[PDB]
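These notes are about the structure you will find just below.
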Amino acid sequence: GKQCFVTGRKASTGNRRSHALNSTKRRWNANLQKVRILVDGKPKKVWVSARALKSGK
Amino acid sequence: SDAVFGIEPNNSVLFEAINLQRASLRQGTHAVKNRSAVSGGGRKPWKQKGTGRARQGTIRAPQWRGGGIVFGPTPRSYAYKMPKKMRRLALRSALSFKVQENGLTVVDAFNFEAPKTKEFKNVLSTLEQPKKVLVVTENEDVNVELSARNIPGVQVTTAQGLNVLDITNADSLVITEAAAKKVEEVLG
Amino acid sequence: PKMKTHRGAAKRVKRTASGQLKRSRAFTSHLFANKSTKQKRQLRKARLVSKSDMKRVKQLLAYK
Amino acid sequence: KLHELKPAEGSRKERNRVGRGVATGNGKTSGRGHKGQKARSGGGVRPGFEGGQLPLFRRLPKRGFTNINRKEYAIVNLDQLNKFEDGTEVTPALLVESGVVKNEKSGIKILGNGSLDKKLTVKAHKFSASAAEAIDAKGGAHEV
RNA sequence: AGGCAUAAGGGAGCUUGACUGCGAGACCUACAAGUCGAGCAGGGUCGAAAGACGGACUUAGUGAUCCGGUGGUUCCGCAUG
RNA sequence: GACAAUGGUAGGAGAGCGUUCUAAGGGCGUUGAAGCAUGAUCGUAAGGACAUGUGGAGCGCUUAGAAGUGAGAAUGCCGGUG
RNA sequence: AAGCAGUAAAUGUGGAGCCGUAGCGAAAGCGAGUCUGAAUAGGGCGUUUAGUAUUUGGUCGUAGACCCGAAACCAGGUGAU
RNA sequence: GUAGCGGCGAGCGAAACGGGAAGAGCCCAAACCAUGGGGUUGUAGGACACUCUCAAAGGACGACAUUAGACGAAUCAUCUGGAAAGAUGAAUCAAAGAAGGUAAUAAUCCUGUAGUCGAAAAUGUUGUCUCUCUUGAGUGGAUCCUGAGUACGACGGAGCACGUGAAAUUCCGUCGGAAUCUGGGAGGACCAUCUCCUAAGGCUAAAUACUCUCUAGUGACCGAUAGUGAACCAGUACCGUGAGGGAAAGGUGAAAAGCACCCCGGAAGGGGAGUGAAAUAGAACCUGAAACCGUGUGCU
């Protein structure tokens, strides 16, 4: 129930693989972090991904 | 002629044509429920061991009263085919058989203003015709189909619709002076 | 549905123009020091499948 | 005659219907013998491979590769041509029409399995070395 | 174990056939395998020569397939080189 | 005609009988169909007829075709009764 | 073949496609030959040339696959009267 | 069942070409103007210069269709009969010889069918009129736009027929990180030449899949242990705390004419008399097998 606020970055699921290729379901979380985005009305802290913090706030 | 009306009555092929003609005319809308389809089931009525009775899996096995049917009617089709040359050969045998006998009797194009079965039955009776006659006309006709298709045994049909089943069903043909050339031009 | 062919049999055999099979010899991968020259040179030719093999596997190869 | 219908003689049989008594022959064990794996419903060693000894087609080495750009042709001997006349410039589309060729796989290739005793002027993609000489013996110069 | 004193046992001189391409035919054998093999072509060693030589007197010293590695070459190399 | 053969499980081959439905043909049926019962009938077998009672409205025969096509065993299933 | 027309019909049309008339080789490739090979020297496979379409029967394959019968395993839920 | 993928095992398994059903394309961002105009793309298009004649969204507008219906040809008599449709004589209709019923087997007895006529009202689909709404082009080439944390790469995965493989073409996570028309991508590693296309925004009918429901109709489909579990007051008796499991059960006769009255009996049930063609058709009601249970006798 968590994603980016500037984009739609969500965790996903895939396999984890051994040396003998045994698979086991694991997940892939987005590098989500609280940040007071200074959006209209009020500085709101939300879960922005570390990818959407590179160039333009 | 003798390429169409003088050929041998090839019976090994005429029979296959008749059998095909009738097998292609079944529906096969008939089904039956197996173990999967019959309602209920899915519980073992008692223990595998320790009761005096026979070991039984579900109440809907074959032997149980009310069970599923093991094999049986499947919803399927019966139509098949054969080579085209054999089709034309059978449809020529079916007419050479009438020409061997006196089944065929040519006439001219009919004349009607509106459909009426009285004059049609009269004409059929004034031509010494047996009960079931096949009235083969050149094109589809309205003033003939209607005044013919109330009678017990009269089947009107066009050169576009000649059948190995229905030539041999009848024993008296009534073709026109125009449709016969149609069939000899078409048939090989 | 269509009968699937055995895809490992097709790599190992071809169809002569009579209805028999042109297989490839064995004992021809490694350990060539343990074989006579008359026996290495002999395994280099090809041979057919016997009758009994065609008994076992003849419809595994039915589209070849 | 739709009530006297005889099929050809030897063209229809009864199906064998096993499991209907000892007199037919296939009554009790229905042709399957006694106990085993080949007497169960659905029971049967799969074809070729079986579960035990090493099979044949997993014991013989693989051989060769297969080319993608194969490009094989439609063969024509000197006898498929004999159905023609003299003069008769021959086109690879024409030769498809007279009942000889039905598929230019990668062109037609004229082969020399026969003899002409004719005079045609053949055009095609690839020729033999016997076919070319057999054509040139009767004039009718060949060309690609 | 069967053979070997014509030696197949011992010694000496030269030498590399413990060669390349095969192979009518046969033995064995469920199959895969195994065994033998005259003769032909190419290149040679020993002998004056006729000839012999495709390891060892014979029968044990071995291990499919797939997979990976090294050498070579007429092959193929996904529009084209 | 003459001569030969004719025990048989697993198994192979062939020829048939019967049920249900379909097409065509040709029948029968309240002066009584199927069905049931009874018999001392006919065929090499599976089977078929006929007479007789009961029954009260549908059935066979010929040639083909199509099968949910044949029951004594499954501590079978359901019902009835010992 | 699909499709199109036609009584949910047979039929008509529809030659995309499939098999056969040519094989041999891993392939390039040659072709009544080809491949191996320095060499049809020999050898292997071929030149068998009658096949193809539909259908009856026998057998096999993918389907539950002659019928009945587990111990179990997994997913969703129901239960502390 | 090809290419190919595969402890190269068991198995998995394409696509383009070709033949067909159906078949239309459009709107944005940016450059440039004054939130509106402006503009859509690869034969490179647009802005700027020359002229030069689904695609917006609601409404009004008459013929068919669905939702009840109507007319609808033509037969009598004799025998058996309980009763005629049967049978025997003759007669007629038919664009109507579907089928159901009727005291037995009906083209002509009824309900119908062919065929034709019918719609206050409601809804549905198509026709034109209204209301809309729209300026379309053609050359040029200075310069200006043509989708950026994007494509792509690295590492870990998923998916493509393709198991990480020499894995091209795509998606995801985490990091690094481009070019801007001689630009960029693809043509199964990669490179160069050619050939094709123009990503990083979107919207699009038809051919196609299915059937809870409705309307006709079909069946070499069942016919009461069959067919739906359920032909019958069936998801019901019943069973379980619960989720849940789940049956059995049709047939008098043409018509109830369903047995007045008498007798035995407390009644139930009988025996008569009746009804009926038939009561051993009496509501447990078509036929009525076998098991089983009885009564009598011919031989023993």
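Cβ coordinates were reconstructed from backbone atoms using ideal geometry, including for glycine residues, and neighbour counts include every protein chain displayed. The numbers here are math on the coordinates, done by the rules we state, and not lab data.
Helix B:84-100 against the longest principal axis of chain B: what's the angle in degrees, Cα atoms only, rounded to the nearest 10?
Taking the Cα atoms of chain B, the angle to B:84-100 is about 50 degrees.
Given labels modelled 7 Å from the Cα in the Cβ direction, how far is it in nm from residue B:48 to residue B:125?
It is 8.2 nm.
Please identify which residues in segment D:85-117 have an amide N closer than 17 Å to a label point set 7 Å out from the Cα of residue D:130, following the Cα→Cβ vector.
D:109-117, by backbone N distance to the label point.
What whole number of Å gives the distance from the Cα centroid of chain A to the Cα centroid of segment B:20-74?
Measuring centre to centre over Cα atoms gives 55 Å.
Tell me the chymotrypsin sites (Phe, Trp or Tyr not before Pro) within segment D:35-134 that lie in a loop according to DSSP and have at most 14 other beta-carbon atoms within 10 Å.
Answer by residue number: D:65.
Compute a Gaussian network model of chain B, connecting alpha carbons closer than 10 Å, and tell me which residue from B:143, B:34, B:102 fluctuates the most.
Residue with maximal mean-square fluctuation among B:143, B:34, B:102: B:34.
Please work out how much length the chain gains when fully extended from residue D:5 to residue D:20, using 0.36 nm per residue of separation minus the C-alpha to C-alpha distance, in nm with one decimal.
Fully extending the segment from residue D:5 to residue D:20 adds 2.4 nm.
Among D:133, D:85, D:14, which one shows the biggest mean-square fluctuation in a GNM of chain D, springs joining Cα atoms closer than 10 Å?
Taking springs between Cα atoms under 10 Å, the residue moving most is D:14.
Pop the C-beta distance of residue D:75 and residue A:15 into the FRET formula with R0 = 30 Å and round what comes out to the nearest 0.05.
0.05
What whole-number volume per residue, in cubic angstrom, does the convex hull of the C-alpha atoms of chain A give?
90 Å³
If I model a spin label as a point 7 Å beyond the Cα along the Cα-Cβ vector, how far apart are those points for residue C:39 and residue B:108 in nm?
Calculated label separation equals 10.1 nm.
Can you tell me which of B:175, B:59, B:151 moves the most in a GNM of chain B? Springs connect C-alpha atoms under 10 Å apart.
B:59
Work out the length of the dipole vector of the protein assembly as shown about its Cα centre, built from +1 on the beta-carbon of each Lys and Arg and -1 on the beta-carbon of each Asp and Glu, and round it to the nearest 20 debye.
Computed charge dipole of the protein assembly as shown: roughly 7960 debye.
Tell me the label-point distance for the pair residue C:48, residue A:38, using the 7 Å Cα-to-Cβ offset, in nm and rounded to one decimal.
About 9.1 nm, to one decimal.
Report the antiparallel proportion of the DSSP beta bridges in the protein assembly as shown as a percent, rounded to a multiple of 5.
Beta bridges within the protein assembly as shown, antiparallel portion: roughly 50 percent.
Please state the equivalent ellipsoid semi-axes for chain B: what are the square roots of 5 times the Cα gyration tensor eigenvalues, largest first, in whole Å?
55, 21, 13
Across peptide C:53-60, how many C-beta atoms of other chains are within 10 Å of each residue C-beta, on average?
4
Which of D:57, D:93, D:106 sits closest to the plus end of the dipole of chain D, meaning its Cα is farthest towards the positive end, when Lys and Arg get +1 and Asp and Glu get -1 on the C-beta?
D:57
Name the residue farthest towards the positive end of the dipole of the protein assembly as shown from the options B:122, B:154, C:37, assuming +1 on Cβ of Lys and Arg, -1 on Cβ of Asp and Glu, about the Cα centre.
C:37
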